[PDB]
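All remarks here apply to the structure that follows.
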Amino acid sequence: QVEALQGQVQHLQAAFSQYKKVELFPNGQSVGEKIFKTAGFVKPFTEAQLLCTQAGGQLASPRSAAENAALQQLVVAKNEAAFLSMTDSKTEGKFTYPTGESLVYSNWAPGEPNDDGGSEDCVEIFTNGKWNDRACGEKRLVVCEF
Amino acid sequence: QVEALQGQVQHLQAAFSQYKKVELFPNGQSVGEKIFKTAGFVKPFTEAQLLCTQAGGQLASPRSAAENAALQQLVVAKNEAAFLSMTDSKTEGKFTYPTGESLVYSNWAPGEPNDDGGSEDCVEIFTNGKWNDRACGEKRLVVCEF
Amino acid sequence: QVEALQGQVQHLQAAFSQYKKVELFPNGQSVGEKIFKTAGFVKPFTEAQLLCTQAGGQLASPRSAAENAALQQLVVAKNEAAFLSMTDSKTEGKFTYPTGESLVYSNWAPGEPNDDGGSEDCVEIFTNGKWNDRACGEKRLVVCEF
Ligand SMILES: OC[C@@H](O)[C@H]1O[C@H](O)[C@@H](O)[C@@H](O)[C@@H]1O
Ligand SMILES: OC[C@@H](O)[C@H]1O[C@H](O)[C@@H](O)[C@@H](O)[C@@H]1O
Ligand SMILES: OC[C@@H](O)[C@H]1O[C@H](O)[C@@H](O)[C@@H](O)[C@@H]1O
Ligand SMILES: [Ca+2]
Ligand SMILES: [Ca+2]
Ligand SMILES: [Ca+2]
Ligand SMILES: [Ca+2]
Ligand SMILES: [Ca+2]
Ligand SMILES: [Ca+2]
Ligand SMILES: [Ca+2]
Ligand SMILES: [Ca+2]
Ligand SMILES: [Ca+2]
């Protein structure tokens with residue numbers, strides 16, 4: 001019996017692993033325990049944020065070079081800059097994750113963030129992986145993390 | 001062995017939970033034990049019906065307000081009215097599920113169904129969640145349930 | 001604690017089966033233990049091949065009439081001819097899989113392969129399921145197998 005349950009769990013592990021690859025192709029990227037997935041279209045920050053939260057996740061929040069590289073692959077594939085989850089909407093000059101925590105990693109392009117026009121509280125990631133603070137009202141690729 | 005086998009099932013459960021969220025974003029919606037998934041494009045009723053059946057499911061068949069609201073979320077997201085599986089092709093005035101049973105739930109807009117032009121045997125759901133009988137030849141968003 | 005796990009596995013099995021069908025709709029097709037999935041866009045051969053390999057799979061490689069029929073379903077649904085993995089880049093006239101192994105199945109359209117222009121080393125599958133050797137530089141629907 002204990003062995004009969006083995007044959008099942010074993011089959012499940014194999015089937016699940018195959019299904020995982022299928023699911024991630026071509027809009028997902030796995031990095032560590034995190035999975036990034038793009039919706040394939042653009043939206044303003046507030047709408048992008050809501051879409052990810054309702055899906056049980058949150059906007060892409062790269063916390064390391066490895067995660068940022070994984071996210072970058074999606075941006076390049078779609079050739080569309082994407083929104084990150086971080087903003088300095090609460091306190092200008094201080095970017096935070098949705099929880100309020102301060103950034104543990106950043107990859108700002110030279111000179112950024114610069115709050116251009118005194119109205120850039122959101123963050124976009126370019127095809128080169130670099131970050132730029134941009135107006136939250138702009139529309140960018142929606143990428144959520146799970 | 002149980003000790004280790006429990007660790008495997010626990011890993012599968014956790015991994016699967018994550019992947020379910022990933023899979024449903026952004027074209028799926030879970031409600032109870034039913035899952036709605038949109039193909040993202042429009043098709044006439046017959047073509048839409050065949051796509052769903054060949055995929056191992058059937059056209060969206062909301063049987064409760066909760067299921068209807070879940071379906072509505074997809075229709076709103078794609079901003080395209082979708083076909084439901086029910087029709088009154090067999091007997092005019094009596095809408096049934098693909099199996100033949102009569103409806104157990106309905107959310108008709110006022111005055112519907114009205115068999116306009118004496119030729120509306122299919123059903124579409126609007127972005128406001130209401131139903132309208134419509135010509136089966138029209139093209140509407142394809143949403144299947146599994 | 002035995003019946004405990006057995007219960008969880010059965011239910012995990014059922015949930016996985018449902019998510020499998022949801023996953024394949026509308027861009028995937030399962031045949032045997034193989035799964036075909038289209039990216040939904042076209043790319044030149046090398047780029048397409050790279051996308052599949054990086055995803056942990058490879059370009060569509062139908063090895064039987066059954067596999068070819070399943071692949072043809074996706075080509076028909078997308079209405080776009082797709083690249084297969086096989087090429088005769090090494091030895092003109094001799095088509096092989098990425099491993100170097102010779103074909104074990106083929107469905108060449110009448111008059112094919114003809115190496116037209118003296119430079120057609122890749123293979124495409126039409127909506128009718130037939131194959132045609134085509135210049136690897138052309139762009140065709142990307143379909144991987146897992
Ligand atoms: O609204 C200004 C933006 O379009 C960007 O213009 C220039 O690239 C730089 O000033 C950026 O920092 C700014 O976000
Ligand atoms: O064929 C007529 C339809 O386009 C719809 O026209 C009006 O909105 C109402 O008569 C509807 O009931 C009808 O389905
Ligand atoms: O470059 C020519 C291709 O477009 C194909 O056109 C026709 O299908 C046939 O001549 C094929 O052999 C050719 O590869
Ligand atoms: Ca500000
Ligand atoms: Ca700012
Ligand atoms: Ca800026
Ligand atoms: Ca009628
Ligand atoms: Ca009618
Ligand atoms: Ca009507
Ligand atoms: Ca050649
Ligand atoms: Ca050739
Ligand atoms: Ca040819």
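Along the chain as shown, residues are numbered 1 onward.
Looking at the header, which is where the method is noted, we find X-ray crystallography, 1.8 Å.
Note that Cβ sites are derived from N, Cα and C of the backbone, with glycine treated the same way.
As written in Swiss-Prot, here are the features:
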- A:31-146: domain 'C-type lectin' (DOMAIN)
- A:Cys52-A:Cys144: disulfide bond (DISULFID)
- A:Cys122-A:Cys136: disulfide bond (DISULFID)
Task: DSSP-derived structure type at A:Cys136 (disulfide bond), helix or strand or else coil - done: coil
Open item on the list: Say we define neighbours as other CB atoms within 10 Å of the CB. Which of the disulfide-bonded residues A:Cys122, A:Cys136 has the fewest?
Closed with: A:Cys136
Task: Interface-proximal disulfide-bonded residues, chain B, C-beta separation under 8 A, candidates A:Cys122, A:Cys136, A:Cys144 - done: A:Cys144
- [ ] Across all the protein chains here, work out how many other Cβ atoms are within 10 Å of the Cβ of A:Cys144 (disulfide bond).
- [x] 28
Task: Between A:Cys122 (disulfide bond) and A:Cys144 (disulfide bond): CA-CA distance (Å) - done: 15
Open item on the list: Please give me the CB contact count at 10 A for A:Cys52 (disulfide bond), counting all chains in the structure.
Closed with: 26
Open item on the list: Rounded to a whole angstrom, what is the C-alpha distance between A:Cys52 (disulfide bond) and A:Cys122 (disulfide bond)?
Closed with: 16
Open item on the list: Under DSSP, is A:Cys52 (disulfide bond) part of a helix or a strand, or is it coil?
Closed with: helix
Task: Tally of DSSP helical, extended and coil residues in the domain 'C-type lectin' (A:31-146) - done: 27 helix, 35 strand, 54 coil
